[PDB]
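Take a look at this one chain, the form deposited without adenosine-5'-diphosphate (ADP), written out in structure tokens.
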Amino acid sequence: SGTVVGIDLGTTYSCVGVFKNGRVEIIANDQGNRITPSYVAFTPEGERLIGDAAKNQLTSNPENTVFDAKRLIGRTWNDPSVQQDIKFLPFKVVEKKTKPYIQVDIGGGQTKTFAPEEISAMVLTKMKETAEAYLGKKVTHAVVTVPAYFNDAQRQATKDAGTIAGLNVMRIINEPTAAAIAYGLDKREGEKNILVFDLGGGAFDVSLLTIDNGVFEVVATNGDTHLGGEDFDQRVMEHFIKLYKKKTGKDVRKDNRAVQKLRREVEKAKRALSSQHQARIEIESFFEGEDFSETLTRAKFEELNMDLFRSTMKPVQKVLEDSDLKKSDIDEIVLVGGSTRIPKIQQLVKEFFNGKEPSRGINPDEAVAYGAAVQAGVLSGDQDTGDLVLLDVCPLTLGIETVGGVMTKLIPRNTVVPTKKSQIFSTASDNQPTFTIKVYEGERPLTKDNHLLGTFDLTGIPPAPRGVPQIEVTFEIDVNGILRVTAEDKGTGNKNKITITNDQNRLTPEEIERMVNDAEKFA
């Protein structure tokens, strides 16, 4: 159905891929970013920001900047998860008819309430537009991913977000399953145990998947719903805000612009520290007159976060326990999320699994969208036409008995019918005057083990040395599937035949499959 895209609708970031011309392409947005913040903002002037522009003004507009809608989507107001989450979300969440709604000022002082799926719809519209800019065609169809623990209400609300965004959501698939598909682990023969370690922007999900003869099962899930890359950013932000106040006496926290510039540089520093052992954070015109200039070492980054990093191992032990599996039972480790680039995190996981290397080759921020895009590729095949022709074929070899009780085939099994096949036969003895033609069905080399369909004689064979007379035996299957066997002395025109009908003495479909087992033993 049309161009089908794969979308990772993430808690903090979303990512869109397309299977095009034999490859998955992860599509950069209009800012050149291959991931887009799951953020929506309303400015005082009534401007609607989605993605990077929404996230890069959160500090100055805390009330009318919406994020983490995925924490609320498909949930009731009195869900204890919702009651926890609203405590630290800076925008207003209210109950309407037992459901949570996000209340914002959309411009001037005009209050609106949005369903979580309406905020997610705006994020999915941005992902759709990103894909449309790249493809230069309208995108109408999508595969959208969700956490394995999402219930039916959460899956349907996610579908509804896509519908509102103008997408036919053909399938909702589990995030860890999408990541496994991205690495082609669905093409494994046998049973494989897959550990998906997904340390994202805002949440940590560990999933134990089994793949067994083409069937994926989510056996166990654990993690921490409030541990992610942004928490490591927060630890570094805290450090540098303290440090700046010590060194200048200036309190950065109440200045939205200063904070936003520091967050920005802190994120780039974190990425650099995945490639090298120190990063310079430099901000010209940082606070009042003065610049910012500090170095962050990897050691300091690790020290500020080591308790958070170490805590990621406990959920892994819990899914192994819940799955009743040993570390040695894990066939594949799949790393998902930006945070799995952190060398300390890679070390902790590898050490936990006694040196086992994880899967490599796909950007961990992009693996879920990649898998969704692969699955989208398969579903666009729904529009193709079946270019197969059914053949009518004879189900079992047909032949006659030759000297020694030998099955001599005239019509091989899987011959297209209707058909006519002939072979030349002769006498076994000098001046032999008669032939007995015994018609057999079956795959076995000796007719004692095949099914006798009928017999007839050819009499009055003129005298000749053995092997000299030429008798043509013809098997024909007509358009009605009736078998006629003719024997003709080519020297005289002397001829006899039998008509064999599917009336009496026909094998059962059971008996046929036992006989078909002995097909392809001899040519």
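Don't overthink the numbering: it's just position in the shown sequence, from 1.
Missing here is the form solved in complex with adenosine-5'-diphosphate (ADP); even so, the following discussion is about that form.
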| query | finding |
| --- | --- |
| Touches adenosine-5'-diphosphate (ADP) in the deposited complex: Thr158 (any heavy atom, 4.5 Å) | no |
| Contact of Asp365 with adenosine-5'-diphosphate (ADP) in the deposited complex (heavy atom, 4.5 Å) | yes |
| 4.5 Å heavy atom contact, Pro315 to adenosine-5'-diphosphate (ADP) in the deposited complex | no |
| In the deposited complex, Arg271 touching adenosine-5'-diphosphate (ADP) (heavy atom, 4.5 Å) | yes |
| Output flag, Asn29, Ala121 and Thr125 jointly within 4.5 Å of adenosine-5'-diphosphate (ADP) in the deposited complex, heavy atom basis | no |
| Candidate stretches 406-414, 340-348, 392-400, 234-242 - the one whose heavy atoms come within 4.5 Å of adenosine-5'-diphosphate (ADP) in the deposited complex | 340-348 |
| Proximity to adenosine-5'-diphosphate (ADP) in the deposited complex, single hit among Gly377, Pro147, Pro358, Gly201 (heavy atom within 4.5 Å) | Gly201 |
| The single option of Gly442, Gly223, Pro116, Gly229 touching adenosine-5'-diphosphate (ADP) in the deposited complex, heavy atom within 4.5 Å | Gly229 |
